[PDB]
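Take this structure first; my questions come after.
By written order: A, B, C, D, E, F, G, H, I and J. Residues from 1 in each chain.
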């Protein structure tokens, strides 16, 4: 096993190629709460949540590597304030600065995760040889809303989804060959799309949808606000009509 | 994977329900008669 | 998998085409509480709620993209007030504004979700070939009430429902072809309507029902209050008689 | 799927056609508590409540659309008082009014929900062809009591029930047609009456029973208190003798 | 389905025909606690209580419609005191009265609910035709005690029971008719007595047992205390010897 | 179903025929705690307690109808003190008395409930005809101790038991009658002794054991303390030697 | 069994060979929270978390043995402050120093763990002899973000994953040898990659990704910041493009 | 059964033969928290933790019998401070000393326990006779970090593992001997390595790894710090490269 | 059944024959916490702990009947301090003494209990007759550490184990005797060693290991400290080398 | 491993479902006839 990075989808390749803003905006992610209320079915555990409870830590990666936002640690904010209170007792025996303002914040939610949305499967088996293609298409959806903390106004509230493609291909044979002889064999491959990667890729879709819908409203301006030519913003403007 | 080791044969401690399939399999593939 | 937006239903196409009001009304969504009390049956988890616990984050999208309301972040309000207290310690080393008034609020609930309301299925199978059409029609229902926070009066309290169409088509064959030869195959497709999208589409139905029932009562006026001609308001006035 | 309103029963058609009172009475619904203590049986979840925990949000719709009451938001009252405290910090940088008095309140309960009260089913099957009609008649019951909050006296305490008709018709055939040929097929339709709609329709029955039993006691007077002719009040006076 | 009133038993017909007292007594029902400790067996849910947790809301109906008591709302008393504190902030911008004294109170309990007390069933089946009569006689029991709140003395503490008759009649046939022909059919009817109605009818029995045992002790006097002729009081005096 | 009183056992017939004391003693029952720690087995629910959690409400009936004690409401004492605080705010706009002293109290417990203590059953079945008599003898036991609240001394602490007789008689036949003809039938009757009635009857046994063991110790004297002739006290003195 | 060290992967061999910085940075690990929300499926326990709840103790080893960070104990910080309060009462009968500043901190999460991501298996079995290779490829992913505690800014937030390779090879034979003789045998080996070692190796991957992405941003400088030649930093710079 | 000591592994024989330090260091073990989050699978209980929650009491034995540390009771520290407060009220009617400083502490964790890491088994069975060797190799891992409580710096943080060898050898025969005669027999032996002993032996490995990695860093010096010859320290220095 | 004492093992016979110390040491047992974290497997309950939660009450018996310690009640210390506060209100209407110092305390734990450590069983069965010997060797282990409460130093921390021998001998026959005649019979005896007695006997082993390891360290001296001849101390000194 | 001891044969207390496979196995491997 080779421990590489997280296998980011196509939407992250549009995320790093976003144009630079006039200074990266200070932003704060408190708790993108897993309020899907959806746990994993059998054979998985009943207490096992179907999506991760970690979109507050995934969106931080989606806002930092976008080169558009400076995210602030507000998930373990009570874990950070316990560290700041130590430096108040450490220097009183560099002076400590204060936390930055973070004029906008991305509050949000994982708003849902219906198991087996467009699921299905084709099966075929002749004499002996046979194979099925069973795909269980899940669908996660996340909410990401930029909130001006100075006034409480929700600025751009978007809802992006991603269809988790969990397909299996089991090609199993059971065929007699000679008299009182039997060959059999079953090659099988179930490539579940990991829900953590589709939570990551739908959030990275939402960050582009936060930025593209944050430009036309005049909420924040990018550097050289005359182009509108890059194939990330115009692609996520043609994707701004929901199916 | 969190996959434990169970046998596929009930003489060694696997699932005992496949023994009604295992034994009759070699009863359907033996090709051996009395001498 | 292509991470597009949330696949919004027909009711969202009526939502963005709503006429503009005389200024978008400041509104606040605290917690559209999932008090269905309904969890998902077997094979799904017992702790898995049957609808999402996220209608407080879905209605925010339904009020913001309606171009009628400015929603305020009140779901994680204690997460936003922890950010405002940081700026009080940040600027005392732009001045901070106050939160807006939000003279109306949309308190509400997901009032119910009966599993398998008008469920059923037809099955047919001749020699070998065969197919069934089994549909399990669920039904979500949401409550959305506009409450004047200055007086506590509930202004327009509507109840919109949506029938979740979860159908399966399994066309499975099991047919001998020659002597000691057998063909079989089972193509199957279960298109569950996702409960998050029907929670989203019944809420977007309710926002039009909040606006249309908020006009005749004189609660708020739209720009050019003489037309009454657009096929969103008169369609949701002919839909104002409940079946 | 067409997202219409909630499919209200016959009792709501009597509710909107109620005569107008001398001013709609300010009323407050705090928590119509689901104290059935009854959860859904197998195959549904054990934590899934058999009726919704949302009669405090359904009765609000039943009192508002009755054109007799002005309901007040008291379900999320701590969510509304957190909004009023914001306007106290917003205008001190229209003046804020106070909450209305609500001289009567409708406290109440969902008092019960016995599964399979008068359940049963007929089955018939000849050679091959066959069909059953299995109906599982549940029964919800709600309590709605008008309480004068100035004195604590319970004014009119009624108990309305509604039999949930959950019937299935499965017409399944299994018949040989030729030698080594077999036709089979099973058309099935289970129209469960949704418990949220029967919670809604028994509460709307109770609101008419609150109003009709609130007139003869002299608790409140309607406009033109001389008629007693409309077929809502005299129908719910002939229904005032419990079977 | 016709949403009528609660199908009250014979004991409620004796309840409304009770003679009038010298002024209806102010009484208060705080929490008739479901301390049966008895939940419903399989196939019903494990968390589903076998009787409702709502005898505090049923006895209110039994004391109000008896025309003997003015019940006071003490179930949601903290929900009523939150409304009285609003009127204290509403009129200080009719004067508010105080809550009445309620010199007696009916504290009580649902003291038990043994599943299948005198259960049983007869079965008979000849060639083909056959039918069973299986009845599962449950038994609820409630405690209703009138307590003088001025001194804490329990005045009349009665224990009334009611046998829940949950019978099924399944008449199922399975009979060959011709050679390679088979008729079958199963008509079935399980009329469970609803435990909410037997909780309601045993409490209404207890209210008559509160009144009849509240007369001979001299706790309260009725209007024209010389008759002792009506067939409610003398019937519930001949029922005062427990079997 | 006829809603009579609680079907009290033979021990209650000895309870009402107890001789009168020199004034009925003020007594208080706080919580006869169900600390059996015993829940009902399968098929009943796991959360369902095997005995009721209501011996604090049953003993109140056993002390009041004994004509020996005036019981005081101390189960919902915090529900009674919330009513007394209302009269303090009601008369300050009959004067309120104070709660009585209750010089003795009956603290106690349901000390145990072993399932299937002396259980067993005989079965017999000849050709076709057959019947069994299976009885599952449970055993409840309660503790009732009179405690002088002025000194904390436990005065008379008794332990009474009662064997719950839960017997079934299933007489089931399965007998061929002619060639290819079969008669069958199963008459069955399971008369479970209800655990609430045996909790009630063992407590009423304990009240006589509180009184009889409260006389010889000199704790309280009855009216005309010279007789010792009635067949309740001498029967419960010959029952004072435990088997 | 030989109790050696933890069997660290290839990524730890790159971790100790990292170049030295200009003084090891004081850093603090409070709680790398297991918010996968993912528990182990059957046959393992439902309460058993699928990854350890111990990444706050694993990252400490990954930052200390990297020779780049001085980690501070902040997991049991309330267990360490209870020890410091003892020395305040011990020396007042070496003087106690204060806790160091820890100008950066690594807050983070285990952001996900989808069971059976790219799982599958090939099976082959001829007459008697047969073997399968079933591999259940899990995937853990962790978030590690360096946060400047002086300003709250998240400096470098990376997401590293590792595919847990849990493969089984069962080579089971079942073959008749003579007439009424049967040989059989099943050699099996399931080498589950332990999730604690892949949590350890993906975190050690993240520490190199914290350091390599912490150099180009100018957050901290290493000793002799001119080389850029070692095959750890340039390997984890070619691994900085996520697949 | 002979109640001997705990059957300590080979690593404890290296533990007692460690060279003596210049005074045994005062150390404190608060809570070596079982944050494996891993419970035992079926057939064992779901609430049963897979490793003990007692490494805070095992490491105390590993530090005391090492003749290197004086451990302090900090597991039940609130149970020890309740005893010290008694002596403050006992002598005020030997003077009480204060708790020692414990300049270093061993905070730590059981960082993981993957069930069936390198599990597997060989099976062989001829005609009648047959035997299997099934071994389920678990793996515990513990973290032990010495923390200077005067500065909060984690001094030496090591991670030691131990493979729990749980093997079974079932030699079961099933063989006909004569015509209508059958001999059978199954000798079986499953020697599970107890997880408490492997938690004990991996911690005792960690204490040597705390001491050996605590010498080269200059954290503490041993008596006669010139030898480096004993086969405990050089063995646990050749074991300092993790596989 | 004869209610004798607890059937104490061989280690208690060495416990009472311990030599007397120079005054029995005042000691205090707060909570020997069951932190095995191990519950009983199926068929026993999941909430049933595999060892008792009562080693704080067993060690009290092991220290009192050793004639070496005066144990102090610290398990229900808050139950004893509620009694001392009563005597403060009783004598103020013998003077009350204070609690003794208890200069040492035995804090400790049940550190583990692996189910089926060295389990196994031999089975043999010829034609008809047959018997097995299946033994499931569990292993409890306890920690007992003497802590000087004046300084917090753990004085002697020992770990004693005991192998629970739970063996079954089922000798079951199934043999035809004549033509269409069959004799069968199964004598079975499962003598589980009770885990409460092995918790008791391993603790009594630990008390001798507390005393023997408390003598050579000079922590406390016995009467006539010159003998070293009794076969309890030299036996538990030859048992001081752990296997 | 946390692996208890269960037999593979139902006469001694193992899983009883493998007995339908165990006995018929030696019925398929006996090679013994009447004398």
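Rule of thumb we're sticking to: a contact is a pair of C-beta atoms (placed from the backbone, for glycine too) under 8 Å apart; a residue touches a chain by one contact, two chains touch by 3 or more.
Protein names from UniProt, one per chain: A, C, D, E, F, G, H, I = Curli production assembly/transport component CsgG.
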Practice item. In contact with subunit G and with subunit H at once: which chains are those? Just list them. Key: B, J
Review point. Which one, B-G, A-B or I-J, has the same contacts as H-J for more than half of its contact pairs?
Key: B-G
Revision key, fill the gap. Between subunit A and subunit G, the Cα-mean centres are separated in Å by 21
Review point. Taking each chain's centre as its mean C-alpha position, how far apart are subunit D and subunit G in Å?
Key: 54
Check your understanding: Distance-wise, how many Å sit between the C-alpha centres of subunit B and subunit H, to the nearest whole number?
Key -> 40
Study note, to complete from the structure: Taking each chain's mean CA coordinate, subunit E and subunit H are separated, in whole Å, by 61
**Study point:** For subunit H, residues that touch 2 or more chains besides their own
**Key:** 40-44, 46-48, 50, 74, 98-100, 102, 114-116, 119-121, 123, 125, 127, 130, 132, 134, 136, 152, 164-165, 168, 170, 172, 174, 182, 184, 186, 188-190, 192-193, 195
**Study point:** Numbers and ranges of subunit B residues touching at least 2 other chains
**Key:** 2-5, 7, 9, 11-13, 22, 25-26, 29-30
Check your understanding: Which pairs of chains touch one another in this structure?
Key -> A-B, A-C, A-G, B-G, B-H, B-J, C-D, D-E, E-F, G-H, G-J, H-I, H-J, I-J
Check your understanding: Which positions of subunit H touch subunit I when the two form their complex?
Key -> 1-8, 12, 26, 34, 40, 42-49, 51-54, 57-58, 60-61, 64-65, 70-76, 79-80, 82-84, 86-87, 89-91, 93-94, 96-100, 102, 168, 172, 180-192, 194-197, 199-200
Exercise for review: Provide the residue numbers of subunit E that touch subunit F in the complex, in ascending order.
Suggested key: 9-11, 28, 30-31, 33, 35-42, 46-48, 50, 74, 77, 98-103, 105, 107-127, 130, 132, 134, 139, 141, 143, 145, 147, 149-154, 156-165, 193, 198, 201-202, 204-205, 209, 239-243
Check your understanding: Considering the complex alone, what residue numbers of subunit B touch subunit A?
Key -> 25, 28-31
**Study point:** subunit B contact footprint on subunit A (complex, rising order)
**Key:** 179-182
Revision key, fill the gap. In the complex, the residues of subunit B that touch subunit H are 2-5, 7, 9, 11-13
